[PDB]
Structure formats: structure tokens, C-alpha cells
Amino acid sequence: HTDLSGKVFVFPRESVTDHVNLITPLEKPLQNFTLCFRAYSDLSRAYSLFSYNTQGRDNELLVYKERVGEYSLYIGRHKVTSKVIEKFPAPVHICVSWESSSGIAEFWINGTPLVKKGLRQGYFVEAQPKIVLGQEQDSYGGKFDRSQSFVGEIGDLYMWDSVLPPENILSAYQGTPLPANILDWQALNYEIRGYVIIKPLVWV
């Protein structure tokens, strides 16, 4: 595993090939999670931010940007979307959490909460995922689509098996995240495929 403190993945061009695989030792289905990261892109078309598929299951956990100001979460193929005022282009800090017991999904953009939405109450997100940055999966680990590819920079990614309270979301946004047990930027197990370059983070 690798300490990526102070660094970003750069996906420097549009492709159907360039991606990073993220490896987690996650064998138990998820009832609760929070995912935070920073991104900087000047794409106006739609793109995937974080794609988690399991065997036989597309869009098992997907964070997707449909257009400026609109963020979508998919859980087990079902989707919710919330809106925010944002400048374009601009760096962003994105957190999203989901809680099975209520179905509530919370997006937080630059430390501000979006309107709560709900989906998949009682569901468990399936384990043994393939997790990809830079492309949107339609199969278990593949079937990418360049019109959904992420071109730009991603850093400071964390995933926890709990729903972070507001104080811990703000801490992540400020740069003092709680250590994370599913994915953690200070100890990330990743595989680069194609043209992805690791560079210093210069925009936070």
C-alpha cells in the first residue's frame, strides 16, 4: 500500500482505457458507508466519480456527475440526485454517506449539506467489489464508456464503513480526516492502467 498524502491521480485525457483499480479487503456487505474525495475537472459532459460494481450487479455503488451542480448516488442500481450552487470549473470536495436503516443519502459539497434523499432502505450493498476511478463500469471490472470517463484530478479519497457525523465531514474537508477502514489515501492499494499520472496536489 502507498501513502498518497499531498498527491493526486491525474487522468490527463479522454479515453475508454485509462483507469485506477482500488483494492479493499472488503468481504462483508455494507449497511453504512461514507465516501469523501476531492476532484478537479473542466468537463461539462457527464462523468463518473467513483464506480463500485459486484459480480452480476451494475451500479452497485456509483457516484456520478450528470451536469454542473447535480450529484447522483446509485445504490443497487437505484438512484438519487441532489443539487448545489457551484462555480465552473472549480475544485470540489465531495462527501456522500448512506445509511441502510433509513435509506438516507447525504451529499456534502465543500462542507455544505445538500438536501437529503432516500433510497434502498433495508438493503445491503454487496461485497467483493471492483472499484474504479477514471471510468464507469458496466461489467465486473470493465465495459467502460469514454463518454462517462473522468478527465481531471482526484485526491484525498477515503471510505469508511460508517455514517460520518457533520464534525467528521468538516474535518475531512479541512484536511484532518479520520482514518478510514475501507479505503484510505495514506495507505491505498491501487493499480494504474493506461495513462494515469501521480502528481502533487497544487489546487488545495
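In case it trips you up, residue 1 is the first one in the sequence shown, and so on.
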*Taking only the CA atoms, which stretch has the higher mean B-factor in the record, 108 to 116 or 82 to 90?*
82 to 90
*So 177 to 185 or 19 to 27, which one's hotter by mean CA B-factor in the entry?*
19 to 27
*Please work out which residue in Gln137, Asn32, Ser44, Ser48 has the highest C-alpha B-factor recorded for this crystal structure.*
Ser44
*Can you pull the Cα B-factors for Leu61, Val68, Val163, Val151 from the entry and say which is highest?*
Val68
*asked:* Splitting the chain's C-alpha B-factors into thirds, which one does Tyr190 fall into?
replied: highest
_Using the temperature factors of the C-alpha atoms in this entry, rank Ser97 within its chain: lowest, middle or highest third._
lowest
*asked:* Is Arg57 in the lowest, middle or highest third of its chain when residues are ranked by C-alpha B-factor?
replied: highest
*Chain-relative CA temperature factor third for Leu157*: lowest
_Using only modelled residues of the chain, where does the Cα B factor of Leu4 rank: lowest third, middle third or highest third?_
middle
